[PDB]
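Printed here is query_3.cif (mmCIF, C-alpha atoms):
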data_upload
#
loop_
_atom_site.group_PDB
_atom_site.id
_atom_site.type_symbol
_atom_site.label_atom_id
_atom_site.label_comp_id
_atom_site.auth_asym_id
_atom_site.auth_seq_id
_atom_site.Cartn_x
_atom_site.Cartn_y
_atom_site.Cartn_z
ATOM 1 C CA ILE X 38 -31.806 -48.482 -52.172
ATOM 2 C CA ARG X 39 -28.387 -49.359 -50.631
ATOM 3 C CA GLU X 40 -26.905 -45.818 -50.792
ATOM 4 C CA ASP X 41 -29.915 -44.862 -48.635
ATOM 5 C CA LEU X 42 -29.145 -47.526 -45.930
ATOM 6 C CA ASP X 43 -25.496 -46.397 -45.885
ATOM 7 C CA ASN X 44 -26.484 -42.741 -45.328
ATOM 8 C CA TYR X 45 -28.977 -43.767 -42.668
ATOM 9 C CA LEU X 46 -26.366 -45.873 -40.828
ATOM 10 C CA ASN X 47 -23.758 -43.102 -40.892
ATOM 11 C CA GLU X 48 -26.173 -40.565 -39.483
ATOM 12 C CA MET X 49 -27.543 -42.928 -36.835
ATOM 13 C CA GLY X 50 -23.915 -43.613 -35.852
ATOM 14 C CA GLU X 51 -23.157 -39.900 -35.378
ATOM 15 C CA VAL X 52 -26.320 -39.381 -33.355
ATOM 16 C CA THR X 53 -25.698 -42.420 -31.126
ATOM 17 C CA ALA X 54 -22.044 -41.396 -30.545
ATOM 18 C CA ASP X 55 -23.001 -37.830 -29.749
ATOM 19 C CA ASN X 56 -25.701 -39.005 -27.336
ATOM 20 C CA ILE X 57 -23.388 -41.295 -25.293
ATOM 21 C CA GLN X 58 -20.686 -38.550 -25.396
ATOM 22 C CA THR X 59 -23.059 -36.040 -23.812
ATOM 23 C CA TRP X 60 -24.354 -38.662 -21.350
ATOM 24 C CA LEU X 61 -20.767 -39.502 -20.220
ATOM 25 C CA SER X 62 -19.561 -35.862 -20.204
ATOM 26 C CA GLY X 63 -21.799 -34.622 -17.382
ATOM 27 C CA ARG X 64 -20.741 -37.607 -15.255
ATOM 28 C CA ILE X 65 -17.050 -36.999 -15.966
ATOM 29 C CA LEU X 66 -17.564 -33.398 -14.750
ATOM 30 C CA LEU X 67 -19.143 -34.595 -11.493
ATOM 31 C CA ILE X 68 -16.137 -36.794 -10.750
ATOM 32 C CA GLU X 69 -13.684 -34.072 -11.742
ATOM 33 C CA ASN X 70 -15.502 -31.657 -9.467
ATOM 34 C CA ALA X 71 -15.298 -34.150 -6.607
ATOM 35 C CA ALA X 72 -11.563 -34.595 -7.194
ATOM 36 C CA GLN X 73 -11.172 -30.787 -7.150
ATOM 37 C CA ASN X 74 -13.133 -30.447 -3.942
ATOM 38 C CA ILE X 75 -11.200 -33.276 -2.295
ATOM 39 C CA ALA X 76 -7.933 -31.555 -3.254
ATOM 40 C CA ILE X 77 -9.034 -28.467 -1.281
ATOM 41 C CA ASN X 78 -9.192 -30.515 1.913
ATOM 42 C CA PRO X 79 -8.307 -34.235 1.877
ATOM 43 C CA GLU X 80 -9.133 -34.914 5.579
ATOM 44 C CA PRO X 81 -11.192 -38.107 5.875
ATOM 45 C CA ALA X 82 -14.268 -36.590 7.492
ATOM 46 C CA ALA X 83 -14.283 -33.917 4.725
ATOM 47 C CA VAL X 84 -13.824 -36.533 1.980
ATOM 48 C CA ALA X 85 -16.633 -38.610 3.435
ATOM 49 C CA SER X 86 -18.998 -35.611 3.499
ATOM 50 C CA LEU X 87 -18.284 -34.828 -0.167
ATOM 51 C CA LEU X 88 -18.964 -38.359 -1.346
ATOM 52 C CA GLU X 89 -22.207 -38.750 0.620
ATOM 53 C CA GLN X 90 -23.894 -35.875 -1.343
ATOM 54 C CA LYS X 91 -26.992 -36.659 -3.385
ATOM 55 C CA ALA X 92 -25.667 -35.455 -6.732
ATOM 56 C CA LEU X 93 -23.008 -38.175 -6.489
ATOM 57 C CA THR X 94 -24.996 -40.948 -4.868
ATOM 58 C CA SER X 95 -27.941 -40.502 -7.233
ATOM 59 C CA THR X 96 -25.666 -40.634 -10.306
ATOM 60 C CA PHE X 97 -23.156 -43.415 -9.482
ATOM 61 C CA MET X 98 -23.461 -46.820 -7.807
ATOM 62 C CA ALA X 99 -20.740 -45.378 -5.561
ATOM 63 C CA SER X 100 -17.871 -42.922 -5.483
ATOM 64 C CA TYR X 101 -14.677 -43.235 -3.551
ATOM 65 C CA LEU X 102 -11.181 -41.996 -2.870
ATOM 66 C CA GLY X 103 -8.074 -44.162 -2.624
ATOM 67 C CA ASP X 104 -4.584 -42.856 -1.867
ATOM 68 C CA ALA X 105 -0.934 -43.954 -1.984
ATOM 69 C CA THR X 106 -1.078 -45.305 1.599
ATOM 70 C CA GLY X 107 -3.912 -47.666 0.729
ATOM 71 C CA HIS X 108 -6.573 -45.694 2.574
ATOM 72 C CA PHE X 109 -10.043 -45.990 1.041
ATOM 73 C CA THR X 110 -13.300 -44.130 1.599
ATOM 74 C CA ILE X 111 -16.384 -45.177 -0.341
ATOM 75 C CA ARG X 112 -19.962 -43.810 -0.304
ATOM 76 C CA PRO X 113 -22.439 -45.414 0.055
ATOM 77 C CA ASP X 114 -20.244 -47.395 2.445
ATOM 78 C CA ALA X 115 -19.724 -51.022 1.520
ATOM 79 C CA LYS X 116 -17.934 -53.923 3.174
ATOM 80 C CA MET X 117 -14.938 -54.425 0.905
ATOM 81 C CA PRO X 118 -13.210 -57.825 0.400
ATOM 82 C CA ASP X 119 -10.583 -58.709 3.005
ATOM 83 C CA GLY X 120 -7.300 -57.179 1.952
ATOM 84 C CA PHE X 121 -8.822 -54.705 -0.482
ATOM 85 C CA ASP X 122 -6.122 -52.321 -1.702
ATOM 86 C CA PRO X 123 -7.257 -49.524 -4.020
ATOM 87 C CA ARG X 124 -3.759 -49.040 -5.371
ATOM 88 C CA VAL X 125 -3.888 -52.297 -7.363
ATOM 89 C CA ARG X 126 -7.330 -51.661 -8.877
ATOM 90 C CA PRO X 127 -7.815 -50.774 -12.591
ATOM 91 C CA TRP X 128 -9.495 -47.405 -11.905
ATOM 92 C CA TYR X 129 -6.565 -46.376 -9.744
ATOM 93 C CA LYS X 130 -3.739 -47.479 -12.047
ATOM 94 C CA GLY X 131 -5.389 -45.919 -15.089
ATOM 95 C CA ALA X 132 -5.881 -42.533 -13.452
ATOM 96 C CA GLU X 133 -2.477 -42.416 -11.620
ATOM 97 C CA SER X 134 -0.825 -42.869 -15.066
ATOM 98 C CA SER X 135 -2.706 -39.980 -16.767
ATOM 99 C CA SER X 136 -2.742 -36.205 -16.916
ATOM 100 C CA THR X 137 -6.465 -36.173 -17.445
ATOM 101 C CA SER X 138 -9.578 -37.988 -16.330
ATOM 102 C CA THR X 139 -10.081 -41.579 -17.457
ATOM 103 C CA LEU X 140 -12.728 -44.162 -18.158
ATOM 104 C CA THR X 141 -12.044 -47.868 -17.489
ATOM 105 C CA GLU X 142 -12.973 -50.804 -19.632
ATOM 106 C CA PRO X 143 -15.484 -53.132 -17.981
ATOM 107 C CA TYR X 144 -14.081 -54.934 -14.913
ATOM 108 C CA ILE X 145 -15.380 -56.812 -11.853
ATOM 109 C CA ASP X 146 -16.581 -54.481 -9.096
ATOM 110 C CA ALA X 147 -14.897 -55.266 -5.765
ATOM 111 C CA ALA X 148 -17.913 -53.948 -3.851
ATOM 112 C CA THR X 149 -20.843 -55.689 -5.666
ATOM 113 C CA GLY X 150 -19.073 -58.396 -7.669
ATOM 114 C CA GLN X 151 -20.839 -57.316 -10.912
ATOM 115 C CA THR X 152 -19.274 -55.941 -14.085
ATOM 116 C CA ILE X 153 -18.984 -52.158 -14.175
ATOM 117 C CA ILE X 154 -17.059 -49.281 -15.669
ATOM 118 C CA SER X 155 -15.562 -46.480 -13.653
ATOM 119 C CA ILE X 156 -14.805 -42.829 -14.284
ATOM 120 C CA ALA X 157 -11.651 -41.921 -12.378
ATOM 121 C CA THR X 158 -9.318 -38.984 -11.937
ATOM 122 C CA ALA X 159 -6.247 -37.991 -9.892
ATOM 123 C CA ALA X 160 -6.975 -35.378 -7.204
ATOM 124 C CA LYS X 161 -4.119 -32.886 -7.245
ATOM 125 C CA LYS X 162 -3.552 -30.040 -4.793
ATOM 126 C CA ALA X 163 -0.787 -27.721 -6.049
ATOM 127 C CA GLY X 164 0.566 -30.298 -8.499
ATOM 128 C CA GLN X 165 0.884 -32.916 -5.672
ATOM 129 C CA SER X 166 -1.503 -35.885 -5.810
ATOM 130 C CA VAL X 167 -3.759 -36.649 -2.813
ATOM 131 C CA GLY X 168 -5.217 -39.798 -4.372
ATOM 132 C CA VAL X 169 -7.587 -40.978 -7.040
ATOM 133 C CA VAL X 170 -11.335 -40.412 -7.110
ATOM 134 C CA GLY X 171 -13.647 -42.753 -8.945
ATOM 135 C CA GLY X 172 -17.288 -43.299 -9.654
ATOM 136 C CA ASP X 173 -18.951 -46.526 -10.776
ATOM 137 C CA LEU X 174 -21.542 -47.192 -13.486
ATOM 138 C CA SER X 175 -23.119 -50.640 -13.983
ATOM 139 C CA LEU X 176 -22.874 -52.591 -17.231
ATOM 140 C CA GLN X 177 -26.691 -52.696 -17.208
ATOM 141 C CA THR X 178 -26.845 -48.906 -17.108
ATOM 142 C CA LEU X 179 -24.573 -48.662 -20.132
ATOM 143 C CA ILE X 180 -26.643 -51.346 -21.911
ATOM 144 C CA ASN X 181 -29.810 -49.316 -21.221
ATOM 145 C CA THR X 182 -28.170 -46.051 -22.431
ATOM 146 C CA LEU X 183 -27.192 -47.684 -25.740
ATOM 147 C CA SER X 184 -30.657 -49.200 -26.275
ATOM 148 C CA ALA X 185 -32.768 -46.087 -25.535
ATOM 149 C CA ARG X 186 -32.411 -45.480 -29.335
ATOM 150 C CA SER X 189 -33.380 -47.821 -34.573
ATOM 151 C CA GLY X 190 -36.198 -50.369 -35.050
ATOM 152 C CA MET X 191 -34.147 -52.698 -37.344
ATOM 153 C CA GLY X 192 -30.902 -53.131 -35.324
ATOM 154 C CA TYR X 193 -28.865 -52.286 -32.215
ATOM 155 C CA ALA X 194 -25.902 -50.196 -31.082
ATOM 156 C CA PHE X 195 -22.909 -51.545 -29.209
ATOM 157 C CA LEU X 196 -19.721 -50.032 -27.761
ATOM 158 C CA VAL X 197 -16.312 -51.180 -28.912
ATOM 159 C CA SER X 198 -12.786 -49.919 -28.132
ATOM 160 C CA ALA X 199 -10.425 -48.838 -30.874
ATOM 161 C CA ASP X 200 -8.473 -52.102 -30.335
ATOM 162 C CA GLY X 201 -11.604 -53.976 -31.465
ATOM 163 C CA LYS X 202 -12.732 -55.146 -28.017
ATOM 164 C CA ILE X 203 -16.460 -55.176 -27.499
ATOM 165 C CA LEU X 204 -17.097 -53.293 -24.219
ATOM 166 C CA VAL X 205 -20.869 -53.050 -24.070
ATOM 167 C CA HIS X 206 -23.310 -55.190 -26.047
ATOM 168 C CA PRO X 207 -26.948 -56.250 -25.557
ATOM 169 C CA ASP X 208 -25.792 -59.860 -25.795
ATOM 170 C CA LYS X 209 -23.872 -60.018 -22.479
ATOM 171 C CA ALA X 210 -21.936 -63.073 -23.656
ATOM 172 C CA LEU X 211 -20.124 -60.854 -26.165
ATOM 173 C CA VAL X 212 -18.973 -58.321 -23.548
ATOM 174 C CA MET X 213 -15.166 -58.081 -23.478
ATOM 175 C CA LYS X 214 -14.773 -60.351 -26.503
ATOM 176 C CA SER X 215 -12.740 -59.153 -29.487
ATOM 177 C CA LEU X 216 -14.672 -58.665 -32.747
ATOM 178 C CA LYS X 217 -12.821 -61.740 -34.078
ATOM 179 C CA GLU X 218 -13.796 -63.948 -31.089
ATOM 180 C CA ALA X 219 -17.359 -62.722 -31.308
ATOM 181 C CA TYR X 220 -17.625 -62.955 -35.153
ATOM 182 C CA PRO X 221 -15.115 -65.584 -36.288
ATOM 183 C CA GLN X 222 -16.430 -65.650 -39.880
ATOM 184 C CA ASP X 223 -16.727 -62.364 -41.824
ATOM 185 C CA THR X 224 -15.308 -60.373 -38.908
ATOM 186 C CA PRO X 225 -16.473 -56.729 -39.039
ATOM 187 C CA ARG X 226 -13.515 -54.370 -39.578
ATOM 188 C CA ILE X 227 -13.261 -50.957 -37.938
ATOM 189 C CA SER X 228 -11.045 -49.993 -40.911
ATOM 190 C CA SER X 229 -13.921 -50.250 -43.406
ATOM 191 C CA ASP X 230 -17.080 -48.180 -43.990
ATOM 192 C CA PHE X 231 -19.357 -51.176 -43.822
ATOM 193 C CA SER X 232 -19.167 -54.800 -42.915
ATOM 194 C CA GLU X 233 -21.526 -57.654 -43.698
ATOM 195 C CA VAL X 234 -21.750 -60.674 -41.380
ATOM 196 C CA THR X 235 -24.162 -63.598 -41.263
ATOM 197 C CA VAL X 236 -25.501 -64.009 -37.721
ATOM 198 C CA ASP X 237 -28.136 -66.338 -36.226
ATOM 199 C CA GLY X 238 -29.318 -67.015 -39.812
ATOM 200 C CA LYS X 239 -29.588 -63.462 -41.203
ATOM 201 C CA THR X 240 -27.098 -61.185 -42.952
ATOM 202 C CA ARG X 241 -26.310 -57.932 -41.106
ATOM 203 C CA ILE X 242 -24.504 -54.685 -41.966
ATOM 204 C CA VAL X 243 -22.173 -53.107 -39.431
ATOM 205 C CA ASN X 244 -20.462 -49.736 -39.187
ATOM 206 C CA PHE X 245 -18.395 -47.874 -36.570
ATOM 207 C CA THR X 246 -18.530 -44.234 -35.468
ATOM 208 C CA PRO X 247 -15.926 -42.619 -33.207
ATOM 209 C CA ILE X 248 -17.088 -41.103 -29.942
ATOM 210 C CA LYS X 249 -15.586 -37.602 -29.635
ATOM 211 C CA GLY X 250 -14.605 -35.742 -26.491
ATOM 212 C CA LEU X 251 -13.936 -38.568 -24.054
ATOM 213 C CA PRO X 252 -10.789 -38.246 -21.949
ATOM 214 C CA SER X 253 -8.064 -40.882 -22.238
ATOM 215 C CA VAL X 254 -10.015 -43.430 -24.364
ATOM 216 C CA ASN X 255 -10.726 -43.955 -28.042
ATOM 217 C CA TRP X 256 -14.019 -45.813 -28.323
ATOM 218 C CA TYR X 257 -16.590 -46.356 -31.129
ATOM 219 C CA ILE X 258 -20.284 -46.925 -31.485
ATOM 220 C CA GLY X 259 -20.997 -50.021 -33.490
ATOM 221 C CA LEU X 260 -24.292 -50.319 -35.342
ATOM 222 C CA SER X 261 -25.519 -53.673 -36.474
ATOM 223 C CA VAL X 262 -28.540 -53.862 -38.743
ATOM 224 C CA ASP X 263 -30.500 -56.699 -40.370
ATOM 225 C CA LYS X 264 -29.687 -56.202 -44.095
ATOM 226 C CA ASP X 265 -33.154 -57.206 -45.299
ATOM 227 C CA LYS X 266 -35.220 -54.792 -43.175
#
For the structure just supplied, provide its representation as structure tokens.
Amino acid sequence: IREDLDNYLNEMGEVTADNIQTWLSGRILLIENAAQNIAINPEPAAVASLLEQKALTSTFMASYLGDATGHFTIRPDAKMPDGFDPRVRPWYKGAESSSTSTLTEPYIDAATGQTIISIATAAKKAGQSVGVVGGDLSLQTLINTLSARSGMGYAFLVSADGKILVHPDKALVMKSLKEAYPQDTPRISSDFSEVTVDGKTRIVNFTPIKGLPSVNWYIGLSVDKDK
């Protein structure tokens, strides 16, 4: 009866991880392809034309290029805060310091003011960088992608440092597992974890998401032990 729940949780973990891996992978390729295309010709009119294309605008809230001079182009265009400097933003710093594409942790979007993640990569022509390209995805979008799937629990997204990145309870976003579950804290190091929450015991496991550049993230599954 309990060796069945365990097997079910492990398999649901693998399926959920694989699904979000394949969902992220096509988006990573769109941003990489934009960075490649920008590297062919980084003139601003040419950059603008690339970012305005439907495949990008229909997939991301926005995509943009920032460079080492502080120049910024974003499509769809948006009035940025006074003094905006892309060089000090988390998407930029993460990608500038990496030989591959990157994904950010959730952060506060400068354009909309809402919490987002970004896919970002350095655009390199002949080994020389011409800036960093990024694309934005809303927290709500990630929340929806994780909940498209289990009738007895929910999936969440947690980094390998134990920081909850995406969770249906928005108050737990960007809390550590310990801050979110101070008693009986679920441990990524263990197969299963039991925690009492809002009056019911739950079982939690973690599955690694394969094939994501730069990041080591997990799917968490949390299930009501009784049902």
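Using all atoms listed in the file for every distance, the candidate list X:189, X:246, X:58, X:198 yields X:189 as the residue closest to residue 266 (chain X).
Our summary of the geometry notes that CA of residue 258 (chain X) is positioned 4.9 Å from CA of residue 196 (chain X).
Residues in contact with residue 117 (chain X) at up to 7 Å, not including ones fewer than 2 positions away on its chain and judged by all atoms listed in the file, are residues 115, 119, 121, 147 and 148 of chain X.
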Exercise for the section: On this file, the PyMOL selection byres ((chain X and resi 263) around 8) gives some set of residues; write that set as an NGL selection string. Expected result: :X and (191-192 or 239-242 or 261-262 or 264-266)
Handout entry: Hits from the PyMOL selection byres ((chain X and resi 172) around 6), listed as a PyMOL selection string
Key = chain X and resi 97+99-100+155-156+171+173
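Between residue 138 (chain X) and the candidates X:126, X:202, X:112, X:161, the tightest atom-to-atom separation, counting all atoms listed in the file, involves X:161.
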Completion exercise
Using only C-alpha atoms, the shortest atom-to-atom distance to residue 81 (chain X) among X:44, X:110, X:253, X:135 belongs to X:110
Practice task
Convert the output of the PyMOL selection byres ((chain X and resi 57) around 12) on the shown file into explicit residues, formatted as a PyMOL selection string.
Solution key: chain X and resi 50-56+58-64+178-186+194-196+246-251+256-258
Write a file of the selected residues as a PDB file, in the coordinates of the input, keeping C-alpha atoms.
ATOM      1  CA  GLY X  50     -23.915 -43.613 -35.852  1.00  0.00           C
ATOM      2  CA  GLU X  51     -23.157 -39.900 -35.378  1.00  0.00           C
ATOM      3  CA  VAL X  52     -26.320 -39.381 -33.355  1.00  0.00           C
ATOM      4  CA  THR X  53     -25.698 -42.420 -31.126  1.00  0.00           C
ATOM      5  CA  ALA X  54     -22.044 -41.396 -30.545  1.00  0.00           C
ATOM      6  CA  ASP X  55     -23.001 -37.830 -29.749  1.00  0.00           C
ATOM      7  CA  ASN X  56     -25.701 -39.005 -27.336  1.00  0.00           C
ATOM      8  CA  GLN X  58     -20.686 -38.550 -25.396  1.00  0.00           C
ATOM      9  CA  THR X  59     -23.059 -36.040 -23.812  1.00  0.00           C
ATOM     10  CA  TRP X  60     -24.354 -38.662 -21.350  1.00  0.00           C
ATOM     11  CA  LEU X  61     -20.767 -39.502 -20.220  1.00  0.00           C
ATOM     12  CA  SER X  62     -19.561 -35.862 -20.204  1.00  0.00           C
ATOM     13  CA  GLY X  63     -21.799 -34.622 -17.382  1.00  0.00           C
ATOM     14  CA  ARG X  64     -20.741 -37.607 -15.255  1.00  0.00           C
ATOM     15  CA  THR X 178     -26.845 -48.906 -17.108  1.00  0.00           C
ATOM     16  CA  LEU X 179     -24.573 -48.662 -20.132  1.00  0.00           C
ATOM     17  CA  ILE X 180     -26.643 -51.346 -21.911  1.00  0.00           C
ATOM     18  CA  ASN X 181     -29.810 -49.316 -21.221  1.00  0.00           C
ATOM     19  CA  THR X 182     -28.170 -46.051 -22.431  1.00  0.00           C
ATOM     20  CA  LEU X 183     -27.192 -47.684 -25.740  1.00  0.00           C
ATOM     21  CA  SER X 184     -30.657 -49.200 -26.275  1.00  0.00           C
ATOM     22  CA  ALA X 185     -32.768 -46.087 -25.535  1.00  0.00           C
ATOM     23  CA  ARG X 186     -32.411 -45.480 -29.335  1.00  0.00           C
ATOM     24  CA  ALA X 194     -25.902 -50.196 -31.082  1.00  0.00           C
ATOM     25  CA  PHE X 195     -22.909 -51.545 -29.209  1.00  0.00           C
ATOM     26  CA  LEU X 196     -19.721 -50.032 -27.761  1.00  0.00           C
ATOM     27  CA  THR X 246     -18.530 -44.234 -35.468  1.00  0.00           C
ATOM     28  CA  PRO X 247     -15.926 -42.619 -33.207  1.00  0.00           C
ATOM     29  CA  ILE X 248     -17.088 -41.103 -29.942  1.00  0.00           C
ATOM     30  CA  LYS X 249     -15.586 -37.602 -29.635  1.00  0.00           C
ATOM     31  CA  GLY X 250     -14.605 -35.742 -26.491  1.00  0.00           C
ATOM     32  CA  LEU X 251     -13.936 -38.568 -24.054  1.00  0.00           C
ATOM     33  CA  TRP X 256     -14.019 -45.813 -28.323  1.00  0.00           C
ATOM     34  CA  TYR X 257     -16.590 -46.356 -31.129  1.00  0.00           C
ATOM     35  CA  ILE X 258     -20.284 -46.925 -31.485  1.00  0.00           C
TER      36      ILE X 258
END
Problem - Spatial neighbours of region 70-77 of chain X, 12 Å, all atoms listed in the file, chain gap at least 2 places, as an MDAnalysis selection string - result: chainID X and resid 63:68 79:90 92:94 100:104 110 132 137:138 156:172
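Pairwise distance (CA of residue 260 (chain X), CA of residue 245 (chain X)) equals 6.5 Å.
Taking CA of residue 216 (chain X) and CA of residue 197 (chain X) as endpoints, the distance between them is 8.6 Å.
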